[PDB]
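To start, the structure under review is shown below, and the notes come after it.
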Amino acid sequence: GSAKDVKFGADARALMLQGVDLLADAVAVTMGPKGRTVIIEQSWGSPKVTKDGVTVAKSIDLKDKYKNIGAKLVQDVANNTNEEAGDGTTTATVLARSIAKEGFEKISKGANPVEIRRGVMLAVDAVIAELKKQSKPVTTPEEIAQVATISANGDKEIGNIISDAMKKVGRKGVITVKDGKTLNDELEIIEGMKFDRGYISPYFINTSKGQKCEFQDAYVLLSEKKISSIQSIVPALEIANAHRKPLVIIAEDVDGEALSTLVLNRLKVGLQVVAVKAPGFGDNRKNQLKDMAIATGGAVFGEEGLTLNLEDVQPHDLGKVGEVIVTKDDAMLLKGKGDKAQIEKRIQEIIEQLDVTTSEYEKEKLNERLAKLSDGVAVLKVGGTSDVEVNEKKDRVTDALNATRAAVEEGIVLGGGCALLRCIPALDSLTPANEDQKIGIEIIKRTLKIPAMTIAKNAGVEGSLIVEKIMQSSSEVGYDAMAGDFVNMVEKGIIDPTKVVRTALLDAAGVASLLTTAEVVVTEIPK
Amino acid sequence: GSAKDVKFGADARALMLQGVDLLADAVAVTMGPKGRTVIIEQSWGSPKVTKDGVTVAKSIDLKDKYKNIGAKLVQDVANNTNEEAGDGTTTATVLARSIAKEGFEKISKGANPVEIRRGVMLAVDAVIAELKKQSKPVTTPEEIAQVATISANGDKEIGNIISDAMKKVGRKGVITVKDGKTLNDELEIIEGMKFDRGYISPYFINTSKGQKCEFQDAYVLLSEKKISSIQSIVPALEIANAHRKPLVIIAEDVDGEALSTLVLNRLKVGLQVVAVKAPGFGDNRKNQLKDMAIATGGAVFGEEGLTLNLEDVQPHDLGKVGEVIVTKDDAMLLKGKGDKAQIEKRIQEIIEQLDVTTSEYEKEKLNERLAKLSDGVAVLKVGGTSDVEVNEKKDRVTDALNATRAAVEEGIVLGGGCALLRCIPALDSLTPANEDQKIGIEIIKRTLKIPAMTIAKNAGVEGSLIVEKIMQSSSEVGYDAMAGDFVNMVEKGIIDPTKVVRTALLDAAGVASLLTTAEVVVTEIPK
Amino acid sequence: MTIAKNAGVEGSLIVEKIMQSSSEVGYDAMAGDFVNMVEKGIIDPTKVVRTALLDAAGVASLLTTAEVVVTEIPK
Ligand SMILES: Nc1ncnc2c1ncn2[C@@H]1O[C@H](COP(=O)(O)OP(=O)(O)OP(=O)(O)O)[C@@H](O)[C@H]1O
Ligand SMILES: Nc1ncnc2c1ncn2[C@@H]1O[C@H](COP(=O)(O)OP(=O)(O)OP(=O)(O)O)[C@@H](O)[C@H]1O
Ligand SMILES: [K+]
Ligand SMILES: [K+]
Ligand SMILES: [Mg+2]
Ligand SMILES: [Mg+2]
């Protein structure tokens, strides 16, 4: 209903291209090992310093609405590349700018831009097939460290710590990046089963040094219900006292009367016992209690289906652990004595539940729970001096984690834009259906040299000469922009994940070739 | 109430024609196989790229209120054409602009524009009769694929997938378009009775690979009331246990004591049973449960009228399914053992209820029930790399389904604007009553060349020469604007639904010939 | 580079191939081919080339010594 302004043809296309060019010019200065950073003003507090392409793209919106349409479309390109790959957003931005520019240049009266877009998509399918032919799988941890080093802007300590994390918790294990309070990066490996619920009352401490509850070879009592009565807690304590064995009660809550009994027996006679709340929220509580029961070889009490009561407790429905550590804010069970076969069947149940979930929230819960059963999790604390430096480093650590996961998934290709340069002869063998598809294939052929050219231009050299020498060279040779030398790139560890490259190219090509079919732009009149 | 500006005669008509011309110029760039796209800025997020004429029309409003009146009238033309036919909105827009322009040019002191409008409508009736004479019914699935391909801007894959859907679920079956998460379009055929209610308890899972409940040759217990007591659930379980047969309960809800009994008997002794909530939200829920009762051969318990009781359940009161899958979010019943004549009677009851339906929302529910009872539904998932591409493609897929349904309903004619071109000799034989009616007939006669001329102009050639060559050629010969050649259009599959053509012409003609009768325009003074 | 740029090709690649070529080989920008320039008659007067270089170098290298610019305030 609002009044609109309608622009036609080449003027509207040039305004949208101005928006695309401004955003991609801001993004392109961050590409490669000699890329620079972008400072983005925040409404609150300190500005943000970043080398991340989608972060730069998302922070830019233009007053002119025709320019802002092109800026929003390349924002979509960078966001989609970040969503499905976690890396390569700058490459996708510069590819999208190249395709938009070449498509806008090739529009005349006789051109059919929809068929040009068909030719563009056919060329991208050919390039993706050639990239999959060129890809090789990751086999060594050295390749892992090289991928993580390249994706972290040449930082070898980040690559080494990510490779160590994947050596310790597995290549598909749970790795989590968070803030460090020190100057240096730290890797913490959380083994066993550790959850973020501490002890319930501050009267179960037997070790002064950490103000912590310390037991070894202890019974574990699992409860899906709150333990508030005498009759629901006394027989388990009788079993624990008749065996001279410590007891760890993991329940929904132990409050009031059972808590009073526990603290009275702990303080007066010296009964070894501790009470921890049940981690989780809702069905995750029941799932994690069940998993602790399989891992310790115990049984969950007070449940919906089997309905085991806390009055008839046996010595065989209490789990056994080799060590338990309880602190103020967390607890951890170590060396659970559960049946190993039941642990493997529960793990397979977790994997088959992963295979049918797609909400990306309970998927992370299932990954957490699988990691707790199998090998533990890894936490990378990112060190630094200030919050701005820590955040800038965490962007690259997240990029390197995502790229390493991608390289474990789909393999590796040559870095430095060389993998798209070696796909040009695949395009040279295509037979286009008509002239418009030939135009589209040639657009993609010219666009394939753009990442290597941008990396070389950011290094202060003539990018066209670098790309020409790479093309004239043997297939293993490419430009090391950091060293400024033509090297064997696999031997020097300058490699990229295949999935990142194909994702960036496909995401750029679809949106940019849709944009180049436009003839009329309708905007709202700014009030 | 507010202050008004009043304009008279030719100046007001010129301003209204400026509004009409602006909207039609924006819409007309999208017409034909060489049409281009329009980018519409959205208030939120990404802009919308479209080739749909009514979408372009509805997005344009003008600050000048005199121009905005003409813009809203051609918006009405496009919206009415989309509501009746679902396609041909660009054709309707350009026809309306042509009629408005010719009628505005033919207004003098002695002219009677109301009688000119009467001549216009008489000419349109003659053209519609000639179109119905020229129409031929659709007999082959090849014609289905050709219609869907033409309506989807030459996309042969969309035509093939729509033809496959109409092969599998019928030409009058239920076909729904939704988003795909992949690159490519997918066709999913849902057969039998599948509804979006999963299991009530996770403990019913007996197949871990899909985390789902799988049963073969199972009893079905259907209740219109909630099952919550022991006595309402025990006898059916006793019948299921005595017959050595799985039980599937479909109820309003299963909670409380009955759910506890179900999960206890499932976990302890391994009783084959599963409980599912009933689909629907009222009378539709009762109708769907009744439909499942006829489909499986069972009876609905706890209904309002017959009032069957869950205490006295007979084995013949339970339906029989050959197979059933219950997942987390859906359930599906396969090979029900209901009486075929009862299923037929229910089907005719549903068809006659459709015949007496006047809401178009209950029509969807009745068609869904008919599809679940007879042939199943088809889901077209539209693929793409981004939301803007997916939305642009879904516009064309929806257009192709609407055009294919229209072609099934009322037949086909020559595409490319040639069907209206061949109706000119029908206008050449009319005898007008007076000079004003002769003017109106001649307006329609000039207007009948506009769609072919616009299609040829978008292809970059001289439209008038193309139209003259078509009119001088044989009746089967038209212009392939994609190939740029004069061809046999039926043989080349360039065809249109007759309903779309006549709807576009009638909807354009009524509004534009009403608009050309205006002498005074009253607008509000802009505040 | 400027002659190659005006011909619609990439000037740096052209200059690189000329510098990698034999001393008689240069780029016919009208035909878009690497040719023998004396045989094809693409030749220049020596005086014109040296005059253009000297007259550009003197003024431009004097201009690049400037720290302060004084202009009149526009009325
Ligand atoms: N020493 C190097 N020599 C040549 N190319 C290199 C070198 N180090 C990294 N590269 C290349 O630089 C690219 C990485 O650039 P950068 O990380 O700045 O952008 P991106 O991955 O496209 O985007 P973003 O990280 O912002 O999401 C990859 O193609 C990588 O192979
Ligand atoms: N190859 C072709 N040669 C000639 N005419 C063609 C060809 N393909 C399609 N057409 C014609 O183009 C017209 C379809 O144009 P288009 O779908 O852009 O507009 P529309 O149906 O009027 O409106 P909308 O789809 O926006 O609601 C039909 O008349 C169809 O017969
Ligand atoms: K970057
Ligand atoms: K159209
Ligand atoms: Mg990167
Ligand atoms: Mg159409």
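Atoms within a ligand are numbered from 1 in the order they appear, just like the ligands themselves. All heavy atoms count here, side chains included; hydrogens, waters and symmetry mates do not. Below, chain A is the first sequence line, B the second, and so on; all start at residue 1.
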Closest non-hydrogen protein atom to [atom], residue and atom name please, with distance?
atom: atom 17 (O) of ligand 1; answer: A:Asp87 OD1, 4.5 Å
atom: atom 10 (N) of ligand 1; answer: A:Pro33 CD, 3.9 Å
atom: atom 9 (C) of ligand 1; answer: A:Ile150 CG2, 3.7 Å

Cut-off 3.5 Å, side chains only: do [X] and [Y] have a donor facing an acceptor?
X: B:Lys58; Y: B:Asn79; value: yes
X: B:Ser151; Y: B:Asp87; value: yes
X: B:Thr37; Y: A:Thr517; value: yes
X: A:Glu142; Y: A:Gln146; value: no
X: A:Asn112; Y: A:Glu115; value: no

Are B:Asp155 and B:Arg396 close enough, and set up right, to give a salt bridge (charged side-chain N to carboxylate O under 4.0 Å, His left out), and what steps lead you there? CA-CA 9 Å; B:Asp155 206 307; B:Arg396 286 184 284 113; 3.7 Å; yes

Atom name, B:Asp87 (N, O or S, nearest to the Mg ion (ligand 6)): OD1

Are any of the N or O atoms of [X] closer than 3.5 Å to those of ligand 1?
X: A:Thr90; value: yes
X: A:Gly416; value: yes
X: A:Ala481; value: yes

[X] near the K ion (ligand 3) via N/O/S, less than 3.4 Å:
X: A:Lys51; value: yes
X: A:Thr89; value: no
X: A:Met31; value: no

Flag: protein heavy atom within less than 4.0 Å of atom 24 (P) of ligand 1: yes

Could a heavy atom of [X] be found less than 4.0 Å from some atom of ligand 1?
X: A:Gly32; answer: yes
X: A:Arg396; answer: no
X: A:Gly88; answer: yes
X: A:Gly35; answer: no

Enumerate the atoms of ligand 1 whose separation from the nearest heavy atom of A:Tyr479 is less than 4.0 angstrom.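 The atoms of ligand 1 under 4.0 Å from a heavy atom of A:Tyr479 are 3 (N), 4 (C).
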
Number the atoms of ligand 1 from 1 as they appear, then name those within less than 4.0 Å of a heavy atom of A:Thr89, with their elements.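 Heavy-atom distances to A:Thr89 below 4.0 Å select 22 (O), 23 (O), 24 (P), 26 (O), 27 (O).
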
Taking the K ion (ligand 3) as the apex, OG1 on A:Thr90 and O on A:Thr30 give an angle, to 10°, of 120°

Going through the checks in order, is the side-chain contact (heavy atoms from CB on, under 4.5 Å) test met by B:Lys51 and B:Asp399? CA-CA 10 Å; B:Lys51 213 184 169 279; B:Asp399 275 348; over 6 Å; no

Tell me whether the Mg ion (ligand 6) has B:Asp52 as a neighbour, meaning an N, O or S atom of it below 2.8 Å.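 Under 2.8 Å: B:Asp52 has no N, O or S contact with the Mg ion (ligand 6).
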
Are the side chain of A:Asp507 and the backbone N or O of A:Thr81 linked by a donor-acceptor pair below 3.5 Å?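 Present.
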
